[PDB]
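Each chain, written out:
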Amino acid sequence: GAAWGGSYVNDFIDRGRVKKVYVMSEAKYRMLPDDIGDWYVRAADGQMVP
Amino acid sequence: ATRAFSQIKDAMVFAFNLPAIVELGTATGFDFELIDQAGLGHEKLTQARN
């Protein structure tokens, strides 16, 4: 998700107006399924898993 | 009562009687709201107010 769909997480203050804060994968890491590989989840032991 | 509390205190204490219709215009006056339409913060608006 938060990589490929995105995450509205929290709110900030722009020039006087409350607006959103999103955290999403960059441009290049989600066009083709090769990019599926490039993403890693960290286990209880500290070591990433592709 | 305002006679009493004006000249004799360190804080301003005013006495009055209620208007007839309990919520209306002071006839000979207004209620001006100064507004910030562009992207500015409290400092600049209060400054404009002064």
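Residues numbered from 1 in each chain as written, not as in the entry; some residues may be left out. Chains lettered and ligands numbered in written order. Part of a larger assembly, values for the part shown. Heavy atoms only, no water.

J.: Help me understand the overall build of chain A in this model?
T.: A count of helical and extended segments in chain A gives one helix and four strands. Each helix (α) and strand (β) of chain A, taken in turn from the N terminus, gives the series β-β-α-β-β. In terms of overall size, chain A is more extended than a compact globule, its C-alpha atoms giving a radius of gyration of 15 Å where 50 residues would be expected to give roughly 10 Å. Taking the principal axes of its C-alpha atoms as reference, chain A extends roughly 40 × 30 × 15 Å. Of all 50 residues assigned to chain A, the portion counted as buried reaches 8%. Taken as a whole, chain A presents about 4400 Å² of accessible surface, with 57% of it coming from carbon and sulfur. (Helix = DSSP H or I, 4+ residues; strand = E, 2+ residues; numbered from the N terminus. Rg over C-alpha atoms; globule rule 2.2 N^0.38 Å. Buried < 20%, exposed > 50% of the residue type's maximum accessible area, 1.4 Å probe, protein only. Areas by Shrake-Rupley, 256 points an atom, 1.4 Å probe, with all protein chains shown as cover.)

J.: What exactly am I supposed to notice about the packing of aromatic side chains here?
T.: Within a pair of aromatic rings, the relevant descriptors are the distance that separates the centres and the angle that separates the planes. Scanning the model with the defined rule gives one aromatic pair over all chains in all. Seen from the ring of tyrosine 8 of chain A, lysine 20 of chain A lies directly overhead, with NZ or CZ sitting 3.9 Å from the centre. (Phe/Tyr/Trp six-rings, centres within 6.5 Å; stacked < 30°, edge-to-face > 60°. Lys NZ or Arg CZ within 6 Å of the ring centre and 35° of its normal.)

J.: I would appreciate a short explanation of a nonpolar patch on the surface in the present structure.
T.: A cluster of nonpolar residues, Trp4, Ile36 and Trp39 of chain A, forms a patch on the protein surface that exposes about 300 Å² of accessible area. Assignment of secondary structure puts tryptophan 4 of chain A in the segment before β1 (8-14). (Patch = residues over 30% accessible without salt bridge, like charges linked within 9 Å, V, L, I, M, F, W, Y side chains within 5 Å. Salt bridge = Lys/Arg side-chain N within 4 Å of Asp/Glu carboxyl O.)

J.: Help me understand the pattern of salt bridges in this model?
T.: Where side chains of opposite charge bring their charged atoms close, a pairing between them can arise. All names here are of chain A. Applying the stated criterion to the full structure yields two salt bridges over all chains. Between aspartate 14 and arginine 15 there is a salt bridge, and its shortest N-O distance comes to 3.5 Å. Of the charged contacts, one joins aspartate 14 and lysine 19 as a salt bridge, the two residues approaching to 3.3 Å between their closest N and O atoms.

J.: What am I meant to see in the pairing of strand β2 (residues 17-22) of chain A here?
T.: Regular strands show a simple pattern: their side chains alternate between the two faces of the sheet. All names here are of chain A. Within β2, only zero of the six residues are buried, leaving the element largely exposed. Judged from the six bridges that link them, β1 and β2 form a sheet pairing that is antiparallel. Within β2, the residue paired with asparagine 10 across the bridge is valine 21. Hairpin connection between β1 and β2: a loop of two residues separates the two successive antiparallel strands, and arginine 15 in this loop has a positive phi of roughly 55 degrees. (Pairing = 2+ DSSP bridges.)

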